[PDB]
Amino acid sequence: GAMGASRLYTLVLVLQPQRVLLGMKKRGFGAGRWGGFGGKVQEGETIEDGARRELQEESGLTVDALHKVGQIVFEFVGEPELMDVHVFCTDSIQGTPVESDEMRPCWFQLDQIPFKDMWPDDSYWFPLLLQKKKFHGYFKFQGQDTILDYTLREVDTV
Ligand SMILES: Nc1nccc(-c2ccccc2)n1
Ligand SMILES: Nc1nccc(-c2ccccc2)n1
């Protein structure tokens, strides 16, 4: 039948030549994992404005200019609504990251990407992000650890 309805999310990676900024989620769904900064797009908000807003709210960083790098759809067994995540990256920042109620930030060298403490799907698409290759992906999860199905492709245009 019809593909499930999806909720629009953004996800932002601050990716510099030698390091990436990640936030450890302090509470809720996915708590205890390092990831990018993101959340739900609000009514009337452009996707990129939502991405900038999520970065500011969760990390304190203000950036003008994000680059679209990928789209990932997440599905969780037992929940009919999908997560439609638009992924962005920026290399140029001009402030300091701060701990927020949602996220605790640390910088990671790019030979120390903390995959063991990141969502399992990141092992597949994060390498494409690091190579500056655009991608579309889909991951079906049983709970937070187990992938039952996934698709992934490199694209020329997101
Ligand atoms: N906590 C939780 N657990 C399972 C699924 C979801 C979900 C959220 C937004 C959109 C689609 C699914 N959220
Ligand atoms: N990379 C990835 N994979 C699956 C789910 C998530 C997620 C993280 C925080 C909040 C909601 C979903 N992130």
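Residues numbered from 1 in each chain as written, not as in the entry; some residues may be left out. Chains lettered and ligands numbered in written order. Heavy atoms only, no water. Residues with missing side-chain atoms left out of burial classes, pairs and counts.

### Looking at the packing of aromatic side chains
To describe a pair of aromatic rings, one takes the distance between the centres and the angle between the planes. Consider the rings of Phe74 and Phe139, whose centres lie 6.0 Å apart with planes at 35 degrees: the pair is tilted. Linking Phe74 in strand β5 (residues 67-76) with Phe139 in strand β8 (residues 134-142), this pair joins segments that are 65 residues apart in sequence. A ring pair is formed by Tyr124 and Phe139, whose centres lie 6.1 Å apart and whose planes are at 35 degrees; its orientation type is tilted. Of this pair, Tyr124 sits in helix α2 (residues 122-130) while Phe139 sits in strand β8, and the two are 15 residues apart along the sequence. Every member of this aromatic cluster is reached through a ring pair, and the members are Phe29, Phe74, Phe76, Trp119, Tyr124, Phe139, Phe141 and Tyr150. Above the ring of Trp107, the side-chain terminus of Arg19 is found at 3.5 Å from the ring centroid. Sitting above the plane of the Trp119 ring, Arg33 keeps its charged end 4.7 Å from the centroid. (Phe/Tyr/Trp six-rings, centres within 6.5 Å; stacked < 30°, edge-to-face > 60°. Helix = DSSP H or I, 4+ residues; strand = E, 2+ residues; numbered from the N terminus. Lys NZ or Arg CZ within 6 Å of the ring centre and 35° of its normal.)

### Side note on the side chain of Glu75
Secondary-structure assignment places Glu75 in strand β5. Of note is the side chain of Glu75, whose polar atom sits 2.6 Å from the side chain of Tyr138. Residues in contact with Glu75, not counting those within four places in the same chain, are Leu82, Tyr138, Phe139, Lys140 and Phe141. (Polar contact = N/O pair within 3.5 Å; in protein donor to acceptor, adjacent residues only side chain to side chain. Contact = heavy atoms within 4.5 Å.)

### Quick look at helix α1 (residues 47-59)
Given a rise of 1.5 Å per residue, 13 residues ought to cover 18 Å, and the 18 Å separating the end C-alpha atoms of α1 matches this to within 8%. Following α1 by one or two positions, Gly60 has its phi on the positive side, about 80 degrees. (Expected span 1.5 Å × (residues − 1).)

### A closer look at the UniProt feature "domain: Nudix hydrolase" in the chain
As annotated in UniProt, the feature "domain: Nudix hydrolase" corresponds to residues 5-134 in the numbering used here. End-to-end, the C-alpha atoms of residues 5-134 are 24 Å apart, and along that stretch the chain is 17% helix and 41% strand. (UniProt positions renumbered as here; feature names shortened; annotations may be inferred.)

### Focus on the UniProt feature "short sequence motif: Nudix box" in the chain
The UniProt entry lists residues 39-60 under the feature "short sequence motif: Nudix box", expressed in the numbering used here. Within the segment residues 39-60, helix and strand shares are 59% and 9% respectively, and the terminal C-alpha atoms sit 14 Å apart.

### Digging into the pairing of strand β2 (residues 19-25)
Sheet analysis places strand β1 (residues 6-15) next to β2, joined by two bridges and oriented antiparallel. What sits directly across from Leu15, in β2, is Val20. Relative to strand β7 (residues 103-109), β2 runs antiparallel, the two being bridged by seven bridges. Looking at β7, one finds that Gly23 is bridged to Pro105. (Pairing = 2+ DSSP bridges.)

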